[PDB]
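Written below as structure tokens is the structure these notes are about.
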Amino acid sequence: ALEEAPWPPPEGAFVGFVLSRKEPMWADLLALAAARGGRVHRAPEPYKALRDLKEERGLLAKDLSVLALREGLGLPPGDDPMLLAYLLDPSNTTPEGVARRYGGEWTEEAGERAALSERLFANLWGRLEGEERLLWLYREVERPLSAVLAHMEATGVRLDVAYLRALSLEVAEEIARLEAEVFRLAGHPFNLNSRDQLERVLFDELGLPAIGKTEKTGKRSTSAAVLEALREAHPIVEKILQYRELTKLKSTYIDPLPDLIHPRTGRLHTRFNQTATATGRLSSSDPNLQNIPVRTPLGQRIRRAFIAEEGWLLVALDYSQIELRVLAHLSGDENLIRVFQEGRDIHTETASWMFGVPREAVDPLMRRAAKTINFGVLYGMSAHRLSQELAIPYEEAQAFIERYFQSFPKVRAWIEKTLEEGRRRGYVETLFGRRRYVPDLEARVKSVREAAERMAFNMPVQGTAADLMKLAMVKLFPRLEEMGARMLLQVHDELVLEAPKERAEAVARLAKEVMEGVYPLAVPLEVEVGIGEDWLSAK
DNA sequence: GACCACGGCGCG
DNA sequence: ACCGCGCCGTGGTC
Ligand SMILES: Nc1nc2c(ncn2[C@H]2CC[C@@H](COP(=O)(O)OP(=O)(O)OP(=O)(O)O)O2)c(=O)[nH]1
Ligand SMILES: [Mg+2]
Ligand SMILES: [Mg+2]
């Protein structure tokens with residue numbers, strides 16, 4: 293039923309392509325084809341063939357669009373059945389699965405991929421018939437967003453290589469003094485990177501009490517949390533905690549990053565995965581630039597490596613207390629809506645409490661602590677873990693949790709109602725109707741069920757914030773194009789932009805406004821904005 | 001080499 | 001009994 297026609301495909305045909313590797317910015321275009329009508333076209337020269345296309349329609353349209361941009365073209369991404377499946381069920385995350393579930397087999401040949409893209413789109417599209425809300429999200433948010441993401445990926449971000457190179461040599465020396473001392477206290481050397489070897493040393497060789505176990509294998513956990521609880525039991529503990537921090541940092545960022553600079557761009561090119569999350573957020577991959585350090589002194593030295601091009605400035609915008617604002621609007625709780633209507637900051641008020649100091653003295657590292665407290669309690673962390681976290685009696689943590697919800701009566705009300713419709717309907721949804729299926733809401737094992745419930749009621753909050761950031765990006769992007777400013781990174785409720793110094797100021801004001809006005813809620817959405825030569829100073 | 005399950009831990 | 005991610009060594013295949 294499928295015929296083979298000469299390269300030149302009509303228009304509106306679905307593309308099919310094969311890369312040497314999964315990273316669009318580094319891949320080699322091994323093959324390019326197209327499917328339309330009932331015919332399939334294979335281009336003898338892919339790189340040559342790109343120029344022919346006016347749009348990228350089909351499985352993973354964005355990635356090919358990113359490669360096209362890398363080659364100087366301007367092939368923008370269009371329809372993509374992955375986006376439709378993902379909207380149908382966010383568990384639809386890979387072509388292999390989407391293909392197996394909606395009508396085909398994901399292979400390694402571009403003709404078959406072009407053919408697959410067309411039929412998949414037809415099937416998935418039909419099943420979105422009647423889903424006005426999911427269609428609204430398709431055409432208004434996702435499809436356009438892919439274009440935004442493609443440009444972000446090909447643009448990349450600049451990095452201070454020589455800076456990280458010298459940092460490595462420094463931290464290496466500190467790592468040395470650390471392992472060296474750990475070994476002395478243990479009375480002998482061993483692979484400190486080995487959790488199993490460390491386990492034996494701490495729990496068998498030394499007689500430190502075990503605090504928790506690991507999940508799948510039930511071993512005695514050597515986790516940071518376990519170690520913090522053991523800091524005073526032996527002088528070796530602190531040392532290990534510091535060894536842990538530095539090695540994590542050097543092995544994950546300080547060393548790998550400088551080797552990831554692209555030859556032709558001199559910049560770092562992360563990928564932005566559009567269908568990799570259950571709640572609707574994005575994920576950053578291969579270089580994951582959504583998890584660059586910032587919470588510790590060494591972490592900050594590292595963030596400092598992200599810099600703007602000479603003559604430019606980075607501009608970072610981040611929604612203030614995003615999820616608490618989203619929650620006030622979902623639950624409709626008046627005591628909470630007032631909190632924002634009155635300009636209050638809950639992370640500040642919590643951290644002020646925690647550390648017995650006036651708001652005025654709360655620093656960033658104290659606030660971050662307040663966040664895991666605030667977000668922890670809301671999303672159901674037990675008094676036991678909380679007591680540990682706040683370093684206070686068990687009943688004091690029990691009381692903290694009692695007051696929190698008593699303070700915002702409609703939150704619990706909203707939770708229970710979200711959970712109930714979740715059971716009946718099989719899924720929960722976001723403000724815009726992004727849905728997530730949670731079948732285990734009716735598991736008969738309390739353990740499994742209550743865990744599904746937590747996943748379930750967090751989705752609407754975290755998912756709504758995600759929709760908001762995505763819509764904001766769709767609206768902001770064209771405006772930035774016009775101002776000659778570029779959009780570099782999205783970090784969940786944060787955007788990192790690069791703007792010519794003459795225009796940094798104007799860009800900062802435009803972005804802030806677009807972001808705060810994205811979609812008016814029962815509470816205003818404030819955006820803290822910063823500008824600097826690097827990502828750290830930016831915030 | 002290339003890929004994995006785990007335990008861990010970076011960020012949101 | 002916080003939620004959502006991806007990446008890095010170990011210890012182990014194949
Ligand atoms: N459950 C949970 N959600 C979190 C946690 N950290 C962040 N989030 C969610 C809620 C906020 C959202 C974005 O994170 P940010 O670091 O931007 O924090 P934020 O809450 O927006 O606040 P802010 O603007 O004051 O920094 O991600 C956490 O530890 N637990
Ligand atoms: Mg924020
Ligand atoms: Mg943020």
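Quick note: the first sequence, position 353, residue 645 per PDB author numbering, numbers continuous. Just so it is clear, CB atoms sit at the ideal spot from N, CA and C, and this is done for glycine as well.
Contact under 8 Å by Cβ, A675 with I693: In this structure, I693 lies closer than 8 Å to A675 by Cβ.
Less than 8 Å between the beta carbons of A691 and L682, yes or no? At a Cβ-Cβ threshold of 8 Å, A691 and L682 do not count as neighbours.
Any heavy atom of ligand 3 closer than 7 Å to the CB of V819? no
With DSSP run on the structure shown, which of helix, strand or coil describes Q782? Secondary structure of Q782 (DSSP, three-state): strand.
Please state whether DSSP places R587 in a helix, a strand or coil. coil
Going by DSSP in three states, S513 sits in which element: helix, strand or coil? In the displayed model, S513 falls within coil according to three-state DSSP, outside both helix and strand.
Enclosing beta strand (DSSP E) for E820 [first to last residue]: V819 to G824
Got a sec: does ligand 2 put a non-hydrogen atom nearer than 7 Å to the Cβ of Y729? no
Does the distance between the C-beta of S612 and the nearest non-hydrogen atom of ligand 2 fall short of 7 Å? yes
By the 10 Å Cβ neighbour count, where 16 or more other Cβ atoms means buried, how is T509 classified, buried or exposed? exposed
Unbroken beta strand (DSSP E) runs of length 3 or more, entirely within the stretch 515-587: which are they? 563-565 and 575-577
Report yes if the C-beta distance between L484 and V474 is below 8 Å; otherwise report no. yes
Can at least three beta-carbon pairs, one atom from the stretch 573-582 and one from the stretch 797-812, be found at a separation below 8 Å? no
Closest residue to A791 among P501, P481 and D826 (Cα-Cα distance): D826
How about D785: is its Cβ closer than 7 Å to a heavy atom in ligand 1? yes
Mind checking which residues open and close the beta strand (DSSP E) that includes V332? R331 to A335
Can you tell me whether DSSP reads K505 as helix, strand or coil? strand
Keeping to the same chain, check which residues put their C-beta closer than 6 Å to that of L494; ignore five residues upstream and five downstream. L500
Under 8 Å between C-beta atoms of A748 and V730: yes
Compute every distance between the C-beta of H639 and the non-hydrogen atoms of ligand 1, then say whether any falls below 7 Å. yes
Is the CB-CB distance between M751 and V720 below 8 Å? yes
So the candidates are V529, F632, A442 and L477; which of them puts its Cα closest to the Cα of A502? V529
Starting from the N-terminal side, write out each stretch of the beta strand (DSSP E) that is 3 residues or longer and does not extend beyond the stretch 677-758. 719-721 and 727-729
The beta strand (DSSP E) spanning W604 covers which residue range? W604 to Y611
Could you tell me the distance, in whole angstroms, from the CA atom of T567 to the CA atom of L477? 48 Å
For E774, I'd like the list of residues in its chain whose CB is within less than 6 Å of its CB, leaving aside the five on either flank, ordered along the chain. none
What residue range does the alpha helix (DSSP H) around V463 cover? Bounds of the alpha helix (DSSP H) holding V463 are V453 to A478.
Any alpha helix (DSSP H) of 4 or more consecutive residues that is wholly inside the stretch 354-432: 373-380, 387-394, 402-418 and 424-429
Whole-angstrom Cβ separation of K793 and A608, contact assumed at under 8 Å? About 15 Å; that fails the 8 Å criterion.
Ends of the beta strand (DSSP E) at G668? Premise fails: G668 lies in the alpha helix (DSSP H), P656 to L670, not in any beta strand (DSSP E).
Limits of the unbroken beta strand (DSSP E) element including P436: Element bounds for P436: not the beta strand (DSSP E) but the alpha helix (DSSP H), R435 to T447.
Residues that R328 bridges to, as DSSP identifies them: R331
For a test of your reading of the model: does the CB of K762 fall under 7 Å from any non-hydrogen atom of ligand 1? Yes or no. no
If the criterion is Cβ atoms closer than 8 Å, does the pair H333 and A326 meet it? yes
Using 10 angstroms around the beta-carbon of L772, count the other beta-carbons present and answer buried if the total reaches 16, otherwise exposed. buried
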